Structure formats: C-alpha cells, structure tokens
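Let me begin by presenting the structure, written as structure tokens, before commenting on it.
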Amino acid sequence: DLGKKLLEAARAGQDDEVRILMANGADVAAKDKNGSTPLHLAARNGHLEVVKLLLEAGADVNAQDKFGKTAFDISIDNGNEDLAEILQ
Ligand SMILES: [Co+2]
Ligand SMILES: [Co+2]
C-alpha cells in the first residue's frame, strides 16, 4: 500500500519516491509497527531533505511514536542539531 511504501521511502531518505508517492495520494499520517510516521523515520535516519518535504506536505510535526517521542524529540536524542533546528 502507498502508506507502507511512503514509510519506507522516508526511512530510506528517497525523496524522489516520497514526492511521487505523495503526488499519488500517499497518506503522510501513515504509521509503521511502532507507531512511527514517515516524519519519524526520516528524522531517525537524519534525512533532513525528506523531513522538509514531508512537513511542506502537511505532516503533523507533533505526532508521537510508541515511546511518546516527536521527530524533534528524536533529533534531540540523536544530537542532530540540524534536524532539531528544522523541527523546533
Ligand atoms: Co535524493
Ligand atoms: Co538523506
């Protein structure tokens, strides 16, 4: 499903796939097995470019995963200053 593919594209940092999937109706609110949204996976793997695309596409920046973490929280845990800046 488009959801699963979008979650994978975000996780992998494949913005080319994220653009196509979104343009094809992919749900930016999708969640994987741990309640992680595309925003969370892109953030966890530090794909700042995909994080920006998802935000511009309307992604809920405050979505919380199974551990109650937002993408910002993850970026802070990971010490990714560049990411935290975009998500602050
Ligand atoms: Co790319
Ligand atoms: Co990347």
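A note on labels: chains of the structure tokens are A, B, ... as shown, every chain counts residues from 1, and ligands are counted from 1 in their shown order.
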task = Find the residues near ligand 2. Use a cut-off of 10 Å, count only C-alpha atoms and all ligand atoms, and write them as a PyMOL selection string.
result = chain A and resi 10-15+42-43+45-51
query = Please, which residues of chain A, numbered as in this document, come out helix (DSSP H, G or I) from DSSP, as a PyMOL selection string?
reply = chain A and resi 2-12+15-23+38-44+48-56+71-77+81-87
Nearby residues (only C-alpha atoms) at most 12 Å from residue 37 in chain A, same-chain spacing under 2 positions excluded, as a CSV table (one decimal) with N, CA and C atoms, in the first residue's frame:
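Written file, result.csv:
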```csv
chain,number,residue,atom,x,y,z
A,3,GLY,N,0.8,3.7,1.9
A,3,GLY,CA,1.3,4.0,3.2
A,3,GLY,C,2.6,3.4,3.5
A,4,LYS,N,2.7,2.1,3.4
A,4,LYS,CA,3.9,1.3,3.6
A,4,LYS,C,5.1,1.8,2.8
A,5,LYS,N,4.8,2.1,1.5
A,5,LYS,CA,5.8,2.5,0.6
A,5,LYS,C,6.3,3.8,1.0
A,6,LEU,N,5.5,4.7,1.5
A,6,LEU,CA,5.9,6.1,1.9
A,6,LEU,C,6.7,6.0,3.2
A,7,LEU,N,6.4,5.1,4.1
A,7,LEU,CA,7.1,4.9,5.3
A,7,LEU,C,8.5,4.4,5.0
A,8,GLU,N,8.6,3.5,4.0
A,8,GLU,CA,9.9,3.0,3.6
A,8,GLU,C,10.7,4.1,2.9
A,9,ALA,N,10.1,4.8,2.0
A,9,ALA,CA,10.8,5.9,1.3
A,9,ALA,C,11.3,6.9,2.2
A,10,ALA,N,10.6,7.3,3.2
A,10,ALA,CA,11.0,8.2,4.2
A,10,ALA,C,12.2,7.7,5.0
A,11,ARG,N,12.0,6.4,5.5
A,11,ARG,CA,13.1,5.7,6.2
A,11,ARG,C,14.4,5.7,5.5
A,27,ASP,N,-0.6,8.7,2.2
A,27,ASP,CA,-1.0,9.3,3.5
A,27,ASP,C,0.2,9.7,4.4
A,28,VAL,N,0.4,11.0,4.6
A,28,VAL,CA,1.6,11.3,5.4
A,28,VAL,C,1.3,11.0,6.9
A,29,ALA,N,0.1,10.6,7.2
A,29,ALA,CA,-0.2,10.2,8.6
A,29,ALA,C,0.0,8.7,8.8
A,30,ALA,N,0.5,8.0,7.8
A,30,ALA,CA,0.7,6.6,8.0
A,30,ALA,C,1.6,6.2,9.1
A,31,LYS,N,1.5,5.0,9.7
A,31,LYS,CA,2.3,4.6,10.8
A,31,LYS,C,2.8,3.2,10.6
A,32,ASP,N,4.0,2.9,11.1
A,32,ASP,CA,4.5,1.5,10.9
A,32,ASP,C,4.2,0.7,12.2
A,33,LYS,N,4.9,-0.4,12.4
A,33,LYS,CA,4.6,-1.3,13.6
A,33,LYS,C,4.8,-0.6,14.9
A,34,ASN,N,5.7,0.4,15.0
A,34,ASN,CA,5.9,1.1,16.3
A,34,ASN,C,5.2,2.4,16.4
A,35,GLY,N,4.3,2.6,15.5
A,35,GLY,CA,3.5,3.9,15.5
A,35,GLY,C,4.4,5.0,14.9
A,39,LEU,N,7.6,11.1,9.0
A,39,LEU,CA,8.4,12.1,9.6
A,39,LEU,C,9.4,11.5,10.6
A,40,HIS,N,8.9,10.6,11.5
A,40,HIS,CA,9.7,10.0,12.5
A,40,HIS,C,10.9,9.2,11.9
A,41,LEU,N,10.6,8.4,10.8
A,41,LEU,CA,11.6,7.5,10.2
A,41,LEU,C,12.7,8.4,9.4
A,42,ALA,N,12.2,9.4,8.7
A,42,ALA,CA,13.2,10.3,8.0
A,42,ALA,C,14.0,10.9,9.1
A,43,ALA,N,13.4,11.4,10.2
A,43,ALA,CA,14.1,12.0,11.3
A,43,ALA,C,15.1,11.1,11.9
A,44,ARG,N,14.6,9.9,12.3
A,44,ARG,CA,15.5,8.9,12.9
A,44,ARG,C,16.8,8.7,12.1
A,51,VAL,N,12.5,15.2,5.6
A,51,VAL,CA,11.7,15.8,6.7
A,51,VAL,C,11.0,17.1,6.2
A,54,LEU,N,8.2,16.3,3.8
A,54,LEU,CA,7.0,15.8,4.5
A,54,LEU,C,6.3,17.0,5.2
A,55,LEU,N,7.1,17.9,5.9
A,55,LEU,CA,6.4,19.0,6.6
A,55,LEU,C,5.6,19.9,5.6
A,59,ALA,N,2.6,17.2,7.0
A,59,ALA,CA,2.9,16.2,8.1
A,59,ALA,C,2.7,16.8,9.5
A,60,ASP,N,2.0,16.0,10.4
A,60,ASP,CA,1.8,16.5,11.7
A,60,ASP,C,3.2,16.5,12.5
A,61,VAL,N,3.8,17.7,12.6
A,61,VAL,CA,5.1,17.8,13.2
A,61,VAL,C,5.1,17.3,14.7
A,62,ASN,N,3.9,17.3,15.3
A,62,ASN,CA,3.8,16.8,16.7
A,62,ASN,C,3.4,15.4,17.0
A,63,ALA,N,3.3,14.6,15.9
A,63,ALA,CA,2.9,13.2,16.1
A,63,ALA,C,3.9,12.6,17.0
A,64,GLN,N,3.4,11.7,17.9
A,64,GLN,CA,4.2,11.0,18.9
A,64,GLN,C,4.3,9.5,18.5
A,65,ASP,N,5.5,8.8,18.7
A,65,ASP,CA,5.6,7.4,18.3
A,65,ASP,C,5.2,6.6,19.5
A,66,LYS,N,5.5,5.3,19.6
A,66,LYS,CA,5.1,4.4,20.7
A,66,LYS,C,5.8,4.8,22.0
A,69,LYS,N,7.6,9.9,21.5
A,69,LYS,CA,8.6,10.8,21.0
A,69,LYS,C,8.1,11.5,19.7
A,70,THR,N,8.4,12.8,19.6
A,70,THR,CA,8.0,13.6,18.4
A,70,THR,C,9.3,13.5,17.5
A,71,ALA,N,9.3,13.9,16.3
A,71,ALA,CA,10.5,13.9,15.4
A,71,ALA,C,11.6,14.8,16.1
```
ask   = Hey, which of A:57, A:76, A:18, A:23 ends up closest to ligand 1? Count only C-alpha atoms and all ligand atoms.
value = A:18
request  = Select, from A:2, A:26, A:21, A:53, the residue with the minimum atom-to-atom distance to residue 86 in chain A, counting only C-alpha atoms.
outcome  =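 Smallest separation from residue 86 in chain A among the options: A:53.
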inquiry  = So the first atom is CA of residue 36 in chain A and the second is CA of residue 83 in chain A; what is the distance between them in Å, to one decimal place?
reply    =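 CA of residue 83 in chain A lies at a distance of 16.8 Å from CA of residue 36 in chain A.
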query = Of the candidates A:78, A:67, A:17, A:72, which one gets nearest to ligand 1 if we count only C-alpha atoms and all ligand atoms?
reply =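 Checking each candidate against ligand 1, we get A:17 as the closest.
You will find CA of residue 87 in chain A at 8.3 Å from CA of residue 75 in chain A.
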key: Nearest residue to residue 25 in chain A from the set A:1, A:79, A:38, A:56 (distances using only C-alpha atoms)   =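 Looking at the shortest contact to residue 25 in chain A, the residue is A:1.
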